[PDB]
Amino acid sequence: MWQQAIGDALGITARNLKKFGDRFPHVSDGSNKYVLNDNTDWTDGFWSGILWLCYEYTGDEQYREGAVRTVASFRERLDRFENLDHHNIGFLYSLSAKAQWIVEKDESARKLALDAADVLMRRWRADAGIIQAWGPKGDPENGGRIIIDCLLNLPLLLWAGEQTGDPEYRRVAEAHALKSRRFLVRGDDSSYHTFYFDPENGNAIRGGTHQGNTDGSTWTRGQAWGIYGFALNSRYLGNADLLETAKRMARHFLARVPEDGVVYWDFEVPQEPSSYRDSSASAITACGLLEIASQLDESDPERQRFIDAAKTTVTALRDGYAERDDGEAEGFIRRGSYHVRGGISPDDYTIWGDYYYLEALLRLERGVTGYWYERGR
């Protein structure tokens, strides 16, 4: 039921590794070809994650070799602090270094992940009680701004805390998760993309976005980050409130899935065929649904409902958005959107969309849960 979908991803990935060399895919821009970078963006870890997933599925060393090479690249990136002045250190190092530790217990990889966690820890702003999303400390406009995607960067910190025994990691992570729950999540179970607080005292200012249609709309990838993010933090923290929030956001998302099963870029714009989609939001949500289900009691009827929703989502992606390995295509699923409002790759491959699509497939076919936490954690 999932073997052919995975087959195409494996073939595309093998072809990509040879063509990309040491470079990393980010997004496409109007074609079936990925635009590459020299490990300088916030998405490079997704490539590493894809390679590790392919390796876990096949046992084929070609994927391992590629992943190991990206890990070496990340060692270099960390040691010269290249473009790491943001909270996406988790996206970058959980899926590469921590991933290798999870896959084969590589000690050097574990150390690299820990070193990265250390850097991310310094993004914490005591006076605001939040992890600064972007920019340097005291940034005039982003000094007290949190983004919902930060929830997916907390796993690196939580994992490091359990590895070192240092309670500060869990302390800042839970504080940030709870603050996110109170101010980023809305009363109708939708969510704001970002939220601003007074850098001095941490007072709540306003919710807003530069990506969603409007400050009060519902950017689908944002909602998706919330679904998977809150579920990942709930697992680590054993916090029933965060799990409940993940479920609430999931139901809100599911109630607004269009006819073909894959979401538009924002729930509050006309849900019309000519509008941009965001297949990556659906891929992320598929993973979040499975993560939520994995935390529910087997006697909870909603558990299977979420598992079925995830399967339906992956099937919808496979049927109407997945690329077949035709020897040319470089992405797994079409129609992801990076920055619609900015006109940046609004109908393209997104490496994160590809990673989550594959993670969902590996979860369904092999029970492989990605690299957000230890297997059995």
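The first residue of the shown sequence is 1; numbering continues from there.
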property: Given 194-202 and 131-139, the range whose Cα B-factors average higher in the PDB entry; result: 131-139
property: Which of 254-262 and 205-213 has higher mean CA B factor, as the PDB entry lists it; result: 205-213
property: Selection by C-alpha B-factor (highest) of 76, 241, 107, 278; result: 107
property: Highest recorded Cα temperature factor - choice among 25, 11, 353, 367; result: 367
property: Record-listed C-alpha B factor of residue 169: chain third; result: highest
property: Residue 81, C-alpha B-factor rank within chain (lowest, middle or highest third); result: middle
property: Residue 2, C-alpha B-factor rank within chain (lowest, middle or highest third); result: highest
property: Third assignment of residue 274 from its chain's C-alpha B-factors; result: middle
property: Ranked C-alpha temperature factor of residue 90 among modelled chain residues, by third; result: middle
